[PDB]
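Student: Before anything else, here's the structure in question.
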Amino acid sequence: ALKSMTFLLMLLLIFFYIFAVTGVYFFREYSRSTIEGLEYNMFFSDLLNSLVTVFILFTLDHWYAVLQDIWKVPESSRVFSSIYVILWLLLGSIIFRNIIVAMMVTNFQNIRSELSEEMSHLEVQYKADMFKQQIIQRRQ
Amino acid sequence: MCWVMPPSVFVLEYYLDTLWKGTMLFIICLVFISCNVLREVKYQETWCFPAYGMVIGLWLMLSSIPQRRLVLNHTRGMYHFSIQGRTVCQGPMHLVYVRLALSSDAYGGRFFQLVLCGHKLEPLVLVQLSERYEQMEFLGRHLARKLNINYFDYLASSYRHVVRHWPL
Amino acid sequence: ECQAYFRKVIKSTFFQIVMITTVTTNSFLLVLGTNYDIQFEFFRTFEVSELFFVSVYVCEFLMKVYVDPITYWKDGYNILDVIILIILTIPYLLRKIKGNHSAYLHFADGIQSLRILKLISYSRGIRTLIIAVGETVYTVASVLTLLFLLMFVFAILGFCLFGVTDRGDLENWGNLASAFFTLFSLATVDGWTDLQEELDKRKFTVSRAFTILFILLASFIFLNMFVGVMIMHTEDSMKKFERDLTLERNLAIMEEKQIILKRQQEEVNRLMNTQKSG
Amino acid sequence: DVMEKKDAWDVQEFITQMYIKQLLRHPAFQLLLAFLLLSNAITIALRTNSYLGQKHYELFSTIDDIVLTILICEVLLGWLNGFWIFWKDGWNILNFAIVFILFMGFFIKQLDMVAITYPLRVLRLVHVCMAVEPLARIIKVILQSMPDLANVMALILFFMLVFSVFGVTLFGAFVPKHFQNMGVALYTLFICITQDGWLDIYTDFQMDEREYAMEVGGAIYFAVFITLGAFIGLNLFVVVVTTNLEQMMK
Amino acid sequence: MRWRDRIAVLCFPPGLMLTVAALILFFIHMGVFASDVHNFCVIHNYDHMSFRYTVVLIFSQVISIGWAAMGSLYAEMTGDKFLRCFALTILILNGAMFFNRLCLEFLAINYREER
Ligand SMILES: CC(C)CCC[C@@H](C)[C@H]1CC[C@H]2[C@@H]3CC=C4C[C@@H](O)CC[C@]4(C)[C@H]3CC[C@]12C
């Protein structure tokens, strides 16, 4: 199956790449904010930290708490940034989860299809062997 | 009921069910008369709704009917439209048929009814069972064994329907 | 006239190699641009490389400004790339030399990421995967609309249950946008515990029952319908593709067998003719 | 066939044919109804704001009356073809109940409030939108899949009760206020079945005797039970979904 | 046929009667409209003006309008111009009288009660 996983991981890492490098300078007012009381500032600070936090968003753990901690940013009518991160997390999570479960289900499907054709071939070979045994018995 | 009604010895007789609607309207109004809702706080009185119900129920109750009958007597009968008292419609064949009709909703569910067609005749609506097609022309052949006239199907002639009398 | 030679040139691998090299250097420019030093200092290389990249992209749009937009108006990948070129060219035309009224910067790394998307527009294997998964757009749109309708229903229900009374629970089931975001959180698994502790203190005992009913409807239905729909859509998409590939292989096999049979018949006829004439 | 002269019942069937020809097959009337319903949906989205409602309350009342009267007109036209077929339908019962509740709360005084007026309108929005084809298949297979969901739900709840006996043996009056009350205990177990953020609960029963105590035992029993039940539930959900969806694909 | 017998019994011919019912609805609603106008203009006896029966006669108005329409539709197929002219004239007069009473009631709005 991981042999069959030839292009899905490449698309996964490239969607990760584009969305993470896009979302570095989107909540740029969060880590680079002078609010004394904050605890998730290091999430969006560095590029590798951006990779870590968008992988966290991909795993979808405490996205509500994360968004409430980014709600401490001055609310600029949430017109582009919140919808961008929400669409990124939902689209990436559901699309890639569905695509990988679909690929592994298709792997099981073709494994069983090859098995089915193989005992089908074995059965027709056995029937032909029985017919040729009857032919040999008659020819004697 | 399957071997009682299709034999239909000689004449058949028929009635309408509008008397049920009239009786139900009378019952509903008589419920509405005593101790209805007290909506004087609504600055209105709703006695005219059961009054209009009484007008409708009295008019529907006036639709009396003695036993709509024909000359479906198992002979050379004329199929003359017969009513106790007055008689209206008379015709030499070619008019009394039995036709399957179809109705559809927005979804596409099909409902099948049957009508004894003619000049102001009565239908042959079956008892509240139309989801599947079942047998079609078996009851049609029973009607044929009665007094064979027609058994029409939907749409044009095409196939799948039988005729017995024609005027050319 | 010269359209045949121009299309022959555009079919050559060297132009595509130059294009891929330019946009990979653009990807490296974005990699160095998320840093702060090379963002504005030691940046003359950034300037000249960005000028080269915008020149190359303008040239690509000049290739795609032909009559071929009669096919770049109905197709798949093609409309995507020309629209990507348009939404690339317009903003940095109003950003690099702006001189205008605008709020702030939020589309530099975004524009460079669109350029990276144009880099990934190649790789025909990804194109075949995109073709194999592109018939699910209508299905995912329909499930998204169903999600939006259910979200609207429980949005008005939550506002009328906890925001209308105005005895607390503000900015959770209060203001419409925050209400929608809290519903999206509650339809997932995240944030349900803290929200539950928030809502039970507002003198509403049935609120817990309503929220658990909402979870057991929305979360399960959305997740499991999505995974089942995509699983069997992908399965039925690949089944016909594999069957067609095996049919093509079988047709080639029978054609080769027919060629062999015809060659054997020709050899037998030639041998018989030489035996007769000899 | 030839049909030289029509009769009364052919006339009646023809009249019903033109009656079902309009508003049931014509896309124009359904498009107008959908446009009106989307407009009042937009006005619904324009609520939760009194700054807009101060110049809009009278218009909101008028459009409420307009949508109510077109709804009851549609219901009356559906009843015209026959009360039996409208009563004996899989979905028209829902629209009839919606309009009945809305009109009963409108004309007669009612404590129904916006919490009834608006959800009923968006239910009608859904019932209109599924009639237009490209979500009808998905809603059809959702309602086909739910009876097979029911047995999985029942089995899950029964197993969770027969393990909640083992739960409530170590529950109540100790690590309390979420393991007590025997139904709040059940729903906290359900919260942990949903499998998100139980580390608050993990710290709740933490430090029983600070090394093992029952801090090991109850936690490990409940944790392996939680992970097994969560896997079984999530699987059974997705497999029932794909099983009933294969019925669609046939 | 024997209109005679048609008018005889058991019920009656098609529709018709259902069309002439709209006529007698028009008669009674015209009488009520005349009483309303008469009490509005000169006598000024708002105590006994029809402020009290407001929605029920509007419902009577609308069922009469629908009845005249349905009668016109159910009587048009006779192929005779006189019946169609009869039904269409009744529909037109009923619609005009409905709109007239709607305008009258919308005008006299400050005279009933207040909510
Ligand atoms: C029931 C169906 C046929 C509709 C007919 C409605 C009739 C019964 C209604 C509508 C108009 C009504 C009248 C309108 C005006 C007057 C004068 C007023 O000071 C007292 C009520 C009174 C005397 C009403 C009596 C009942 C009435 C005649």
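By convention here, the chains of the structure tokens are called A, B, ... in the order presented, each chain's residues are numbered starting at 1, and ligands are numbered starting at 1 in the order presented.
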Would you mind listing the residues within 9 Å of ligand 1, counting only C-alpha atoms and all ligand atoms, as a PyMOL selection string?
Tutor: (chain B and resi 47-56) or (chain E and resi 25+28-29+31-32+35-36+46-53+56-57+60-61)
Student: Residues of chain D were defined as contacting chain B if any atom lay at most 9 Å from it, counting only C-alpha atoms; please report them as number ranges by chain.
Tutor: D: 1-2, 6-10, 13, 16-17, 20, 23-25, 108, 131
Student: Could you turn the residues from that selection into a file that holds N, CA and C atoms, as a short mmCIF file (atom, residue, chain, number, x, y, z; two decimals), in the first residue's frame?
Tutor:
data_model
loop_
_atom_site.label_atom_id
_atom_site.label_comp_id
_atom_site.auth_asym_id
_atom_site.auth_seq_id
_atom_site.Cartn_x
_atom_site.Cartn_y
_atom_site.Cartn_z
N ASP D 1 -58.27 5.82 -27.30
CA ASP D 1 -57.97 5.52 -28.70
C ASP D 1 -58.36 6.69 -29.60
N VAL D 2 -59.40 6.47 -30.41
CA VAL D 2 -59.90 7.52 -31.29
C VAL D 2 -60.46 8.68 -30.46
N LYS D 6 -64.99 13.33 -25.47
CA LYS D 6 -64.52 13.10 -24.11
C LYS D 6 -65.70 13.05 -23.14
N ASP D 7 -65.45 12.48 -21.97
CA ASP D 7 -66.45 12.37 -20.92
C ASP D 7 -66.03 13.22 -19.72
N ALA D 8 -66.82 13.14 -18.65
CA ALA D 8 -66.58 13.97 -17.47
C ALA D 8 -65.27 13.60 -16.77
N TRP D 9 -64.97 12.30 -16.68
CA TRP D 9 -63.77 11.89 -15.97
C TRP D 9 -62.50 12.13 -16.78
N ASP D 10 -62.58 12.04 -18.11
CA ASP D 10 -61.46 12.48 -18.93
C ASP D 10 -61.21 13.97 -18.75
N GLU D 13 -59.50 14.35 -15.31
CA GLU D 13 -58.10 13.94 -15.37
C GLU D 13 -57.27 14.94 -16.16
N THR D 16 -56.70 17.92 -13.85
CA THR D 16 -55.63 17.60 -12.91
C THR D 16 -54.27 17.52 -13.60
N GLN D 17 -54.25 17.15 -14.89
CA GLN D 17 -53.00 17.14 -15.64
C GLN D 17 -52.45 18.55 -15.81
N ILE D 20 -51.15 19.63 -12.23
CA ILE D 20 -49.81 19.14 -11.92
C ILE D 20 -48.78 19.60 -12.93
N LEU D 23 -46.38 24.41 -11.39
CA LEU D 23 -45.94 24.47 -10.00
C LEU D 23 -45.35 23.14 -9.53
N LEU D 24 -45.44 22.10 -10.36
CA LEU D 24 -44.82 20.81 -10.07
C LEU D 24 -43.83 20.38 -11.13
N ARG D 25 -44.01 20.79 -12.38
CA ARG D 25 -43.05 20.53 -13.44
C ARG D 25 -42.38 21.79 -13.97
N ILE D 108 -53.19 32.30 16.52
CA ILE D 108 -53.46 32.19 17.95
C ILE D 108 -52.22 32.59 18.74
N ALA D 131 -35.72 19.26 -3.10
CA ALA D 131 -36.48 19.00 -4.31
C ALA D 131 -35.69 19.30 -5.58
#
Student: Considering only C-alpha atoms, return as a list in words whatever protein or nucleic-acid residues lie within 7 Å of residue 58 of chain A, sequence-local ones (same chain, fewer than 5 positions apart) excluded.
Tutor: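 Final neighbour list, sorted by chain and number: residues 89, 92 and 93 of chain A.
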Student: Write down as an MDAnalysis selection string the residues belonging to chain E that are assigned alpha helix (DSSP H) by DSSP computed on the backbone.
Tutor: chainID E and resid 3:6 17:38 56:75 81:107
Student: DSSP says strand (DSSP E) for which residues of segment 28-133 of chain B? Put them as a VMD selection string?
Tutor: chain B and resid 97 to 104 110 to 117
Student: Restrict the distance test to only C-alpha atoms, flag each residue of chain B within 10 Å of chain E, and return the flagged residues as a PyMOL selection string.
Tutor: chain B and resi 40+43-49+52+59-66+83+85-89
Student: How about saving the chosen residues, N, CA, C and O atoms kept, as a compact mmCIF listing (two decimals), in the first residue's frame?
Tutor:
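Output below, filename out_9.txt:
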# COMPACT_ATOMS: atom_id res chain seq x y z
N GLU B 40 -63.21 36.65 22.33
CA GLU B 40 -63.60 38.05 22.40
C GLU B 40 -62.40 38.94 22.71
O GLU B 40 -62.43 40.13 22.38
N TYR B 43 -61.08 40.29 19.69
CA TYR B 43 -61.95 41.32 19.11
C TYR B 43 -62.66 40.80 17.86
O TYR B 43 -62.84 41.54 16.88
N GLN B 44 -63.07 39.54 17.88
CA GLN B 44 -63.70 38.92 16.72
C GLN B 44 -64.52 37.73 17.18
O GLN B 44 -64.32 37.19 18.26
N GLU B 45 -65.47 37.34 16.33
CA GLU B 45 -66.31 36.17 16.56
C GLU B 45 -66.24 35.28 15.32
O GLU B 45 -66.41 35.77 14.20
N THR B 46 -66.02 33.99 15.54
CA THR B 46 -65.81 33.04 14.45
C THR B 46 -66.98 32.07 14.29
O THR B 46 -66.76 30.87 14.09
N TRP B 47 -68.22 32.55 14.41
CA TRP B 47 -69.38 31.71 14.16
C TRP B 47 -69.68 31.59 12.67
O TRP B 47 -70.36 30.64 12.25
N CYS B 48 -69.18 32.52 11.86
CA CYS B 48 -69.43 32.48 10.43
C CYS B 48 -68.65 31.36 9.74
O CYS B 48 -69.09 30.89 8.69
N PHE B 49 -67.53 30.91 10.31
CA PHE B 49 -66.87 29.73 9.76
C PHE B 49 -67.73 28.47 9.86
O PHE B 49 -67.93 27.81 8.83
N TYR B 52 -70.68 28.94 7.37
CA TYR B 52 -70.32 28.58 6.00
C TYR B 52 -70.16 27.07 5.87
O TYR B 52 -70.49 26.49 4.82
N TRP B 59 -75.65 21.91 1.32
CA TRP B 59 -75.66 21.76 -0.13
C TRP B 59 -75.14 20.39 -0.56
O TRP B 59 -75.70 19.77 -1.47
N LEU B 60 -74.08 19.91 0.08
CA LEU B 60 -73.54 18.59 -0.26
C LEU B 60 -74.50 17.48 0.13
O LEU B 60 -74.58 16.45 -0.55
N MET B 61 -75.24 17.67 1.23
CA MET B 61 -76.22 16.68 1.65
C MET B 61 -77.38 16.59 0.66
O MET B 61 -78.01 15.54 0.53
N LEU B 62 -77.65 17.68 -0.07
CA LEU B 62 -78.74 17.69 -1.03
C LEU B 62 -78.44 16.84 -2.26
O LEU B 62 -79.35 16.62 -3.07
N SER B 63 -77.21 16.36 -2.42
CA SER B 63 -76.86 15.52 -3.56
C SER B 63 -77.37 14.10 -3.37
O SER B 63 -76.58 13.17 -3.20
N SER B 64 -78.69 13.93 -3.39
CA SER B 64 -79.29 12.61 -3.22
C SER B 64 -79.10 11.78 -4.49
O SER B 64 -78.95 12.31 -5.60
N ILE B 65 -79.11 10.46 -4.33
CA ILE B 65 -78.84 9.55 -5.43
C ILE B 65 -79.53 8.20 -5.24
O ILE B 65 -79.18 7.44 -4.33
N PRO B 66 -80.55 7.88 -6.03
CA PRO B 66 -81.02 6.50 -6.07
C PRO B 66 -80.19 5.64 -7.02
O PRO B 66 -80.39 5.72 -8.24
N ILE B 83 -81.89 5.70 -13.87
CA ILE B 83 -82.05 6.25 -12.53
C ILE B 83 -83.52 6.09 -12.14
O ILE B 83 -84.41 6.26 -12.98
N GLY B 85 -86.84 7.07 -11.34
CA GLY B 85 -87.44 8.34 -11.72
C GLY B 85 -87.08 8.75 -13.13
O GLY B 85 -87.64 8.24 -14.11
N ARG B 86 -86.14 9.69 -13.26
CA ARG B 86 -85.75 10.22 -14.56
C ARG B 86 -84.67 9.36 -15.21
O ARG B 86 -83.94 8.63 -14.55
N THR B 87 -84.60 9.45 -16.54
CA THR B 87 -83.56 8.82 -17.34
C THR B 87 -83.03 9.84 -18.34
O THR B 87 -83.79 10.64 -18.88
N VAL B 88 -81.72 9.80 -18.58
CA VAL B 88 -81.08 10.85 -19.37
C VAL B 88 -80.38 10.30 -20.61
O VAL B 88 -80.76 10.63 -21.74
N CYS B 89 -79.37 9.46 -20.41
CA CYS B 89 -78.44 9.10 -21.47
C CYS B 89 -78.82 7.76 -22.10
O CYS B 89 -79.04 6.78 -21.39
Student: Need the shell around segment 103-114 of chain A: protein/DNA/RNA residues with any atom at most 10 Å away, counting only C-alpha atoms. Skip same-chain ones fewer than 5 positions apart. Format as a PyMOL selection string?
Tutor: (chain A and resi 1-2+4-5+8+97-98+119-120) or (chain C and resi 230-232+234-236+238-239)
Student: In Å to one decimal, how far is atom CA of residue 77 of chain A from atom CA of residue 177 of chain C?
Tutor: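 Separation between atom CA of residue 177 of chain C and atom CA of residue 77 of chain A: 9.5 Å.
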Student: Name all residues at most 9 Å from segment 132-146 of chain B (count only C-alpha atoms; drop same-chain ones fewer than 5 positions away) and give them as number ranges by chain.
Tutor: B: 6-10, 72-74, 98, 100, 110-112, 151-152, 160-162, 164
Student: For the residues in that selection, give me N, CA and C atoms as a PDB file, in the first residue's frame.
Tutor:
ATOM      1  N   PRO B   6     -67.259  -9.122  -8.965  1.00  0.00           N
ATOM      2  CA  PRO B   6     -67.080  -9.238 -10.437  1.00  0.00           C
ATOM      3  C   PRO B   6     -68.157 -10.056 -11.138  1.00  0.00           C
ATOM      4  N   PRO B   7     -68.761 -11.117 -10.511  1.00  0.00           N
ATOM      5  CA  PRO B   7     -69.896 -11.762 -11.192  1.00  0.00           C
ATOM      6  C   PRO B   7     -71.034 -10.809 -11.522  1.00  0.00           C
ATOM      7  N   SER B   8     -71.449 -10.001 -10.539  1.00  0.00           N
ATOM      8  CA  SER B   8     -72.386  -8.892 -10.710  1.00  0.00           C
ATOM      9  C   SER B   8     -73.616  -9.269 -11.527  1.00  0.00           C
ATOM     10  N   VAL B   9     -74.449 -10.166 -10.995  1.00  0.00           N
ATOM     11  CA  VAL B   9     -75.547 -10.771 -11.744  1.00  0.00           C
ATOM     12  C   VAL B   9     -76.482  -9.708 -12.311  1.00  0.00           C
ATOM     13  N   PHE B  10     -76.563  -9.665 -13.639  1.00  0.00           N
ATOM     14  CA  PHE B  10     -77.378  -8.717 -14.414  1.00  0.00           C
ATOM     15  C   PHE B  10     -76.922  -7.298 -14.076  1.00  0.00           C
ATOM     16  N   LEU B  72     -76.660  -3.122 -17.902  1.00  0.00           N
ATOM     17  CA  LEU B  72     -75.594  -4.120 -17.871  1.00  0.00           C
ATOM     18  C   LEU B  72     -76.110  -5.527 -17.574  1.00  0.00           C
ATOM     19  N   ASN B  73     -77.432  -5.701 -17.558  1.00  0.00           N
ATOM     20  CA  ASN B  73     -78.070  -7.011 -17.544  1.00  0.00           C
ATOM     21  C   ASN B  73     -77.464  -7.914 -18.608  1.00  0.00           C
ATOM     22  N   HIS B  74     -77.115  -9.138 -18.206  1.00  0.00           N
ATOM     23  CA  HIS B  74     -76.293 -10.019 -19.030  1.00  0.00           C
ATOM     24  C   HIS B  74     -77.080 -10.548 -20.223  1.00  0.00           C
ATOM     25  N   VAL B  98     -64.246   0.744 -20.085  1.00  0.00           N
ATOM     26  CA  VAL B  98     -63.551   0.712 -18.802  1.00  0.00           C
ATOM     27  C   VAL B  98     -62.099   1.072 -19.081  1.00  0.00           C
ATOM     28  N   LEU B 100     -58.207   2.501 -17.658  1.00  0.00           N
ATOM     29  CA  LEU B 100     -57.216   2.709 -16.613  1.00  0.00           C
ATOM     30  C   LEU B 100     -56.616   4.102 -16.767  1.00  0.00           C
ATOM     31  N   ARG B 110     -46.674   6.979  -9.053  1.00  0.00           N
ATOM     32  CA  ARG B 110     -47.803   6.732  -9.938  1.00  0.00           C
ATOM     33  C   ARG B 110     -48.948   6.100  -9.159  1.00  0.00           C
ATOM     34  N   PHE B 111     -50.149   6.639  -9.346  1.00  0.00           N
ATOM     35  CA  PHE B 111     -51.368   6.100  -8.763  1.00  0.00           C
ATOM     36  C   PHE B 111     -52.318   5.707  -9.885  1.00  0.00           C
ATOM     37  N   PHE B 112     -52.906   4.519  -9.769  1.00  0.00           N
ATOM     38  CA  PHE B 112     -53.728   3.943 -10.825  1.00  0.00           C
ATOM     39  C   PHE B 112     -55.179   3.875 -10.374  1.00  0.00           C
ATOM     40  N   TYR B 151     -61.935  -3.038 -22.709  1.00  0.00           N
ATOM     41  CA  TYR B 151     -61.052  -2.847 -21.559  1.00  0.00           C
ATOM     42  C   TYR B 151     -59.891  -1.990 -22.062  1.00  0.00           C
ATOM     43  N   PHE B 152     -60.036  -0.683 -21.901  1.00  0.00           N
ATOM     44  CA  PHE B 152     -59.075   0.264 -22.436  1.00  0.00           C
ATOM     45  C   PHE B 152     -57.898   0.422 -21.483  1.00  0.00           C
ATOM     46  N   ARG B 160     -51.700  -4.085 -25.868  1.00  0.00           N
ATOM     47  CA  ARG B 160     -52.004  -4.353 -24.456  1.00  0.00           C
ATOM     48  C   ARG B 160     -53.409  -3.907 -24.031  1.00  0.00           C
ATOM     49  N   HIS B 161     -54.333  -3.740 -24.976  1.00  0.00           N
ATOM     50  CA  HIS B 161     -55.720  -3.451 -24.638  1.00  0.00           C
ATOM     51  C   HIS B 161     -56.624  -4.131 -25.655  1.00  0.00           C
ATOM     52  N   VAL B 162     -57.838  -4.459 -25.215  1.00  0.00           N
ATOM     53  CA  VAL B 162     -58.784  -5.242 -26.003  1.00  0.00           C
ATOM     54  C   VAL B 162     -60.072  -4.446 -26.172  1.00  0.00           C
ATOM     55  N   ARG B 164     -64.183  -4.840 -27.942  1.00  0.00           N
ATOM     56  CA  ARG B 164     -65.174  -5.832 -28.346  1.00  0.00           C
ATOM     57  C   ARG B 164     -66.234  -5.292 -29.291  1.00  0.00           C
TER      58      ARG B 164
END
Student: What residues in chain A lie within 12 Å of chain D, counting only C-alpha atoms, written as number ranges by chain?
Tutor: A: 60-65, 98, 101-102, 105
Student: Got time to write the residues from that selection, N, CA, C and O atoms, as a short mmCIF file (atom, residue, chain, number, x, y, z; two decimals), in the first residue's frame?
Tutor:
data_model
loop_
_atom_site.label_atom_id
_atom_site.label_comp_id
_atom_site.auth_asym_id
_atom_site.auth_seq_id
_atom_site.Cartn_x
_atom_site.Cartn_y
_atom_site.Cartn_z
N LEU A 60 -5.98 18.54 14.13
CA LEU A 60 -7.24 19.09 14.64
C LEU A 60 -7.42 18.76 16.13
O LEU A 60 -8.36 18.07 16.53
N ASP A 61 -6.51 19.29 16.94
CA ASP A 61 -6.62 19.23 18.39
C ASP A 61 -6.64 20.65 18.95
O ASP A 61 -5.73 21.44 18.67
N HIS A 62 -7.67 20.95 19.74
CA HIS A 62 -7.86 22.26 20.37
C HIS A 62 -7.83 23.39 19.35
O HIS A 62 -7.23 24.44 19.58
N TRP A 63 -8.48 23.18 18.21
CA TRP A 63 -8.62 24.27 17.24
C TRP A 63 -9.52 25.38 17.79
O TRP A 63 -9.31 26.55 17.47
N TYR A 64 -10.50 25.02 18.62
CA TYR A 64 -11.33 26.03 19.27
C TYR A 64 -10.50 26.86 20.25
O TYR A 64 -10.60 28.09 20.27
N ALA A 65 -9.68 26.20 21.07
CA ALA A 65 -8.83 26.91 22.01
C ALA A 65 -7.77 27.73 21.29
O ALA A 65 -7.43 28.84 21.72
N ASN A 98 -10.15 11.43 3.93
CA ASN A 98 -10.98 10.68 3.00
C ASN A 98 -10.15 10.04 1.89
O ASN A 98 -10.38 8.89 1.52
N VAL A 101 -8.07 7.01 3.40
CA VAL A 101 -8.91 5.85 3.69
C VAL A 101 -9.45 5.24 2.39
O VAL A 101 -9.56 4.01 2.27
N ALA A 102 -9.74 6.08 1.39
CA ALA A 102 -10.18 5.57 0.09
C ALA A 102 -9.08 4.78 -0.60
O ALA A 102 -9.34 3.72 -1.18
N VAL A 105 -8.65 1.44 1.25
CA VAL A 105 -9.77 0.58 0.90
C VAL A 105 -9.62 0.03 -0.51
O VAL A 105 -9.87 -1.15 -0.75
#
